[PDB]
Protein chains: 4
Amino acid sequence: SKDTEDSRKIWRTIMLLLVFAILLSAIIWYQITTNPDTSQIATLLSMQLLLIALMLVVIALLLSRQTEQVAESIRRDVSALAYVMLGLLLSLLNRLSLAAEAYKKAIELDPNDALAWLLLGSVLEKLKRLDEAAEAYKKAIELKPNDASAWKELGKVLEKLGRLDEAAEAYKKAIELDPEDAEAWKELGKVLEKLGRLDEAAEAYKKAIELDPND
Amino acid sequence: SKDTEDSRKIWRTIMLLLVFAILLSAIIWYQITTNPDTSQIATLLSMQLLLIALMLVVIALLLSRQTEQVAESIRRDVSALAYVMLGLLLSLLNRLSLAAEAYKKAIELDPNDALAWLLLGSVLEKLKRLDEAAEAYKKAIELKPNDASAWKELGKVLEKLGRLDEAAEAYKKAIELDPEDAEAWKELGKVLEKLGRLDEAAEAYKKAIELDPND
Amino acid sequence: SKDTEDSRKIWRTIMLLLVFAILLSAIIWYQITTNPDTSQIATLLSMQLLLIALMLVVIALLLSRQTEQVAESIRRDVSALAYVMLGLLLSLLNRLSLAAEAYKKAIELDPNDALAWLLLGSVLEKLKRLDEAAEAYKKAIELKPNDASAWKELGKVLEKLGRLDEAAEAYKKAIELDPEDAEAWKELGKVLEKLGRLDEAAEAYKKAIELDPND
Amino acid sequence: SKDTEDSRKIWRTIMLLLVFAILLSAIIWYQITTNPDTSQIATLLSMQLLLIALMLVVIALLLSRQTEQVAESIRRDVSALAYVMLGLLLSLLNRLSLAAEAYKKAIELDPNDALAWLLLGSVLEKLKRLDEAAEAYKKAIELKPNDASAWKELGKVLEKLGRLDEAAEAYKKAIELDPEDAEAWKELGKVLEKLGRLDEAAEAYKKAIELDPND
């Protein structure tokens, strides 16, 4: 919201430069009429003209700054979307290492781009960069706590890392967010079975079968 | 067309600030020559200078505003296309929940983006969000009444919702718009048969077969 | 190149508004020193101030115009690329009617976008809009006479339209541009055979086989 | 960093135009009070007004220039990403010749776009433009010396060109950068065997098998 604050400061600055020159000019109009002495009258006109000159230059400097501020903001916002989109295209051609870089660039431009973080996570898992993938998913999840897909995907990475207990918890969270996700239920089952949690595993397996009879 | 109206107001404002200063300055040129009294002459010069100072500041404020107005309009238009495109890419990777969000964002930026509405509809159906899908298709159709594809897709959602009568009507409209759409004819047939409208179902089935002998 | 011409006119205008005010101001500096009469001196100062006031307003109006001109040019260029890209994405999801509209939009924004014309052609053929497809390909070809792919694709549309003679010519042109295109050779063969041009058909068939022994 | 240098020159110019007018105006305020002679006082006011007029015009010209500089920079950066993205989409539809052109355009806009160079390389290989592909890969590699994928892809082009020795070296570099790349190891093996380097070929083949038992 800094732009709102800065905009108000810019407007106030322009106003104040003029108001000062206005008030003095109004004073001078009176003073010139009152005291008919060229050497005082002209001195006041020179001062008025000087204040105006400064005012206008400062204003031009403010226009320059605002033009740049606006333009940079747009450049950034456009680029961040372009990098996410680029990563998606690179991923479609299986240019996974390059896709990861594109997502990384979107993140640097906008660190709370949960999508870029999620997608980075996916690419890193596909590239077998499992530890880095888990961290990327963790970030996407903190940004969006109710992203059931991110939770499920985290689950898969954690299982691959041998983190069966944490994997089971991540799958369980995806399920609470969306109980019909038969895949999540089956994968939860697999983790629980592997983990020795046979009764829970059996229930998870059953839910995948029962929830959608055409799975 | 508000921008056209605002542009005209901005131009008129700049013109009027100057015209007032012009007319007065022309008056002052005469008055100075006519009445050779420094205390009156300078008073008029001070006033002229003040009007100019205000004029120029106001103009600078208008330049600032117009710069921002133009820039924001562009940012919005660019972003709305980017969100539709993003949704399409996310859909290609089967990131359907995320694709739906991207289409939603395009809609908020432009509520009459029939494409975003149609596509949202498609994603929602694929995600089994059938009631929401029907509403999204309805919006796309109101925006584009002769979108035969949107009508056919609405038909599919309505049938899935058990709305066989409404589904048959939606398929029929797609067909009137494009009579060669064998798929629409076959799907119409399926609805009509399910609906007990056996004679109409038979005709619809026949048209799908007859319209294109290599279907 | 109109922008170059307009830019020069804008610069010249700004220069001339100032140069006139400069020359007169220099004249006035001399005249004030020479003729010590307040009623003449001030009259000249008022005139100088008025010319400056006009100059600056006109300049501000020019800044406004140039800002808008630049911004609009960019908006158009960005949008035209976005529409081609959109059409390609819609085509990947088989949203062919929508893909055609996106290409059409790119064309309206830039009528010499051979790519958009070519792609439109392709979509129209896929949509069975063969007559329209032939015209779109014709436009892409006039824009790029050495686009062997566009010539081959035109060939396919023309054959589908029953225009076997014109199809054979379009295939032949694609071949002259790229003689190794075994597909073009085979398709030329098919047209020539269908057309009764059996000796030429035989040669075309042989070239497809001989050019690349692993075709 | 030229923009930083130019920005500083623009700011300094605006400052200096004003500072000169300030210093002189301050001098004039004193001189008017000191020497009560209209013909000298007004001469100084005219001069002050002239300096201001010039200053403001020059500033407006600088605003115009900066607006254009900023806008052009953005246009270029946006377009270069769009061309890479366009090439990727064209490649997905197998519009390879067109994809190559899009990558070429991105390169002209930004000659150190390693991604565009790499991708161009890939398209050229797919299009059987092997000599050109090798050069494009060489450029991508010089820009990014630790792009293991670019090294492997260069390897494939070089082998296709009959350059078995250079191909083996390119594959070896990809392997040093990423030792788990079983594909690179197998392809290295194939080159080494073809090249008569049977003992090295055997080791390379073994590594592909041993590195990932599920390859």
# chains A, B, ... in the order shown; residues from 1 in each chain; ligands from 1
call {"tool": "residues_around", "arguments": {"residues": "residue 105 in chain C", "least_positions_apart": "2", "cutoff": "10 Å", "atoms": "only C-alpha atoms", "output": "PyMOL selection string"}}
result
chain C and resi 79-80+82-84+87+99-103+107-111+116
call {"tool": "residues_around", "arguments": {"residues": "range 151-167 of chain D", "least_positions_apart": "6", "cutoff": "7 Å", "atoms": "only C-alpha atoms", "output": "list in words"}}
result
residues 125, 130, 133, 134, 137, 141, 173, 174, 184, 191 and 195 of chain D
call {"tool": "closest_atom_pairs", "arguments": {"of": "chain A", "to": "chain D", "cutoff": "10 Å", "atoms": "only C-alpha atoms", "output": "CSV"}}
result
residue,atom,partner,partner_atom,distance
A:37,CA,D:36,CA,8.3
A:38,CA,D:38,CA,6.4
A:39,CA,D:36,CA,4.7
A:40,CA,D:33,CA,6.2
A:41,CA,D:32,CA,9.1
A:42,CA,D:32,CA,6.8
A:43,CA,D:29,CA,5.1
A:44,CA,D:29,CA,7.9
A:45,CA,D:45,CA,8.0
A:46,CA,D:29,CA,6.3
A:47,CA,D:29,CA,6.8
A:49,CA,D:49,CA,7.4
A:50,CA,D:25,CA,6.4
A:51,CA,D:22,CA,9.1
A:52,CA,D:52,CA,9.1
A:53,CA,D:52,CA,6.1
A:54,CA,D:18,CA,6.8
A:56,CA,D:56,CA,7.5
A:57,CA,D:56,CA,7.0
A:58,CA,D:14,CA,9.2
A:60,CA,D:59,CA,7.0
A:61,CA,D:11,CA,7.9
A:63,CA,D:63,CA,7.8
A:64,CA,D:63,CA,6.2
A:65,CA,D:63,CA,9.9
A:67,CA,D:67,CA,7.1
A:68,CA,D:70,CA,7.2
A:71,CA,D:70,CA,7.3
A:72,CA,D:74,CA,8.6
A:74,CA,D:74,CA,9.0
A:75,CA,D:74,CA,6.4
A:76,CA,D:74,CA,9.9
A:78,CA,D:78,CA,7.8
A:79,CA,D:78,CA,7.2
A:82,CA,D:81,CA,7.1
A:83,CA,D:81,CA,8.3
A:85,CA,D:85,CA,8.0
A:86,CA,D:85,CA,6.0
A:87,CA,D:85,CA,9.4
A:88,CA,D:85,CA,9.8
A:89,CA,D:88,CA,6.4
A:90,CA,D:88,CA,7.3
A:92,CA,D:92,CA,8.0
A:93,CA,D:92,CA,7.2
A:95,CA,D:149,CA,9.0
A:97,CA,D:149,CA,8.4
A:98,CA,D:115,CA,8.1
call {"tool": "write_last_selection", "arguments": {"atoms": "N, CA and C atoms", "output": "CSV table (one decimal), in the first residue's frame"}}
result
chain,number,residue,atom,x,y,z
A,37,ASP,N,6.1,51.5,-5.3
A,37,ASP,CA,7.6,51.6,-5.5
A,37,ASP,C,8.2,50.5,-6.3
A,38,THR,N,8.6,50.8,-7.5
A,38,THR,CA,9.1,49.8,-8.4
A,38,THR,C,10.1,48.8,-7.8
A,39,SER,N,11.0,49.4,-7.0
A,39,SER,CA,12.1,48.5,-6.4
A,39,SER,C,11.6,47.5,-5.4
A,40,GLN,N,10.4,47.6,-5.0
A,40,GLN,CA,9.8,46.7,-4.0
A,40,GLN,C,8.9,45.8,-4.8
A,41,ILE,N,8.1,46.4,-5.7
A,41,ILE,CA,7.2,45.7,-6.5
A,41,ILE,C,7.8,44.6,-7.3
A,42,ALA,N,8.9,45.0,-8.1
A,42,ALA,CA,9.6,44.1,-8.9
A,42,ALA,C,10.3,43.0,-8.1
A,43,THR,N,10.8,43.4,-6.9
A,43,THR,CA,11.5,42.4,-6.0
A,43,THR,C,10.5,41.3,-5.7
A,44,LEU,N,9.2,41.6,-5.4
A,44,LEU,CA,8.2,40.7,-5.1
A,44,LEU,C,7.9,39.8,-6.3
A,45,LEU,N,7.8,40.5,-7.5
A,45,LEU,CA,7.5,39.7,-8.7
A,45,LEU,C,8.6,38.7,-9.0
A,46,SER,N,9.9,39.1,-8.8
A,46,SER,CA,11.0,38.2,-9.0
A,46,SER,C,10.9,37.0,-8.1
A,47,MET,N,10.6,37.3,-6.8
A,47,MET,CA,10.4,36.2,-5.8
A,47,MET,C,9.3,35.2,-6.3
A,49,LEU,N,8.1,34.7,-9.2
A,49,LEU,CA,8.5,34.0,-10.4
A,49,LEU,C,9.5,32.8,-10.0
A,50,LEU,N,10.4,33.1,-9.1
A,50,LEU,CA,11.3,32.1,-8.6
A,50,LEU,C,10.6,30.9,-8.0
A,51,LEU,N,9.6,31.2,-7.1
A,51,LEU,CA,8.9,30.1,-6.4
A,51,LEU,C,8.2,29.2,-7.5
A,52,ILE,N,7.7,29.9,-8.5
A,52,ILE,CA,7.0,29.2,-9.6
A,52,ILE,C,7.9,28.3,-10.3
A,53,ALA,N,9.1,28.8,-10.7
A,53,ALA,CA,10.1,28.1,-11.4
A,53,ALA,C,10.5,26.8,-10.7
A,54,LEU,N,10.7,26.9,-9.3
A,54,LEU,CA,11.1,25.8,-8.5
A,54,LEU,C,9.9,24.8,-8.5
A,56,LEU,N,7.5,24.3,-10.6
A,56,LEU,CA,7.3,23.5,-11.8
A,56,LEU,C,8.4,22.5,-12.0
A,57,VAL,N,9.6,22.8,-11.7
A,57,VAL,CA,10.7,21.8,-11.9
A,57,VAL,C,10.4,20.6,-11.0
A,58,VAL,N,10.1,20.9,-9.7
A,58,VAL,CA,9.9,19.8,-8.8
A,58,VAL,C,8.7,18.9,-9.3
A,60,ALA,N,7.8,18.5,-12.4
A,60,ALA,CA,8.3,17.6,-13.5
A,60,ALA,C,9.1,16.5,-13.0
A,61,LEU,N,9.9,16.7,-12.0
A,61,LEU,CA,10.6,15.6,-11.4
A,61,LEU,C,9.7,14.5,-10.8
A,63,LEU,N,6.6,13.9,-11.9
A,63,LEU,CA,6.0,13.2,-13.1
A,63,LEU,C,6.9,12.1,-13.6
A,64,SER,N,8.2,12.4,-13.6
A,64,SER,CA,9.1,11.5,-14.1
A,64,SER,C,9.2,10.3,-13.2
A,65,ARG,N,9.2,10.5,-11.8
A,65,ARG,CA,9.2,9.5,-10.9
A,65,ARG,C,8.0,8.6,-11.0
A,67,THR,N,6.0,8.2,-13.5
A,67,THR,CA,6.0,7.4,-14.7
A,67,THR,C,6.8,6.2,-14.5
A,68,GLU,N,8.0,6.3,-14.0
A,68,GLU,CA,8.8,5.2,-13.8
A,68,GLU,C,8.2,4.2,-12.8
A,71,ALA,N,5.4,2.2,-14.5
A,71,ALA,CA,5.9,1.4,-15.5
A,71,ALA,C,6.6,0.2,-14.9
A,72,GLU,N,7.4,0.4,-13.8
A,72,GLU,CA,8.1,-0.8,-13.2
A,72,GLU,C,7.2,-1.7,-12.6
A,74,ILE,N,4.1,-2.4,-13.5
A,74,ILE,CA,3.5,-3.2,-14.5
A,74,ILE,C,4.5,-4.2,-15.1
A,75,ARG,N,5.7,-3.8,-15.4
A,75,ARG,CA,6.7,-4.7,-15.9
A,75,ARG,C,6.8,-6.0,-15.1
A,76,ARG,N,7.0,-5.7,-13.7
A,76,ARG,CA,7.1,-6.9,-12.8
A,76,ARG,C,5.9,-7.7,-12.8
A,78,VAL,N,3.6,-8.2,-15.1
A,78,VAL,CA,3.5,-9.0,-16.4
A,78,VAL,C,4.5,-10.1,-16.4
A,79,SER,N,5.8,-9.8,-16.1
A,79,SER,CA,6.8,-10.8,-16.1
A,79,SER,C,6.5,-11.9,-15.2
A,82,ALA,N,4.2,-14.2,-16.9
A,82,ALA,CA,4.9,-14.8,-18.1
A,82,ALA,C,5.8,-15.9,-17.6
A,83,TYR,N,6.5,-15.8,-16.5
A,83,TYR,CA,7.4,-16.9,-16.1
A,83,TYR,C,6.7,-18.1,-15.6
A,85,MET,N,3.8,-19.0,-16.8
A,85,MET,CA,3.3,-19.6,-18.1
A,85,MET,C,4.4,-20.3,-18.8
A,86,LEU,N,5.6,-19.6,-18.8
A,86,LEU,CA,6.8,-20.2,-19.5
A,86,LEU,C,7.1,-21.5,-18.9
A,87,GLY,N,7.1,-21.6,-17.5
A,87,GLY,CA,7.4,-22.9,-16.9
A,87,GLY,C,6.4,-23.9,-17.3
A,88,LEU,N,5.2,-23.6,-17.4
A,88,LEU,CA,4.2,-24.6,-17.8
A,88,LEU,C,4.4,-25.1,-19.2
A,89,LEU,N,4.8,-24.2,-20.1
A,89,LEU,CA,5.1,-24.6,-21.5
A,89,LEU,C,6.3,-25.5,-21.5
A,90,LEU,N,7.4,-25.1,-20.8
A,90,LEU,CA,8.6,-25.9,-20.8
A,90,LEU,C,8.3,-27.3,-20.2
A,92,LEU,N,5.4,-28.9,-20.4
A,92,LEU,CA,4.7,-29.7,-21.5
A,92,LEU,C,5.7,-30.4,-22.5
A,93,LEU,N,6.8,-29.7,-22.8
A,93,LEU,CA,7.8,-30.3,-23.7
A,93,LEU,C,8.9,-31.1,-22.9
A,95,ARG,N,10.8,-30.1,-20.6
A,95,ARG,CA,12.1,-29.3,-20.4
A,95,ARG,C,12.0,-29.0,-18.9
A,97,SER,N,14.2,-29.1,-16.3
A,97,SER,CA,15.1,-28.3,-15.5
A,97,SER,C,14.9,-26.8,-15.8
A,98,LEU,N,14.5,-26.5,-17.1
A,98,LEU,CA,14.3,-25.2,-17.5
A,98,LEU,C,13.0,-24.7,-16.9
call {"tool": "atom_distance", "arguments": {"atom1": "CA of residue 189 in chain C", "atom2": "CA of residue 201 in chain C"}}
result
4.3 Å
call {"tool": "closest_residue", "arguments": {"among": "A:27, A:129, A:198, A:204", "to": "residue 171 in chain A", "atoms": "only C-alpha atoms"}}
result
A:204
call {"tool": "atom_distance", "arguments": {"atom1": "CA of residue 206 in chain B", "atom2": "CA of residue 183 in chain B"}}
result
11.8 Å
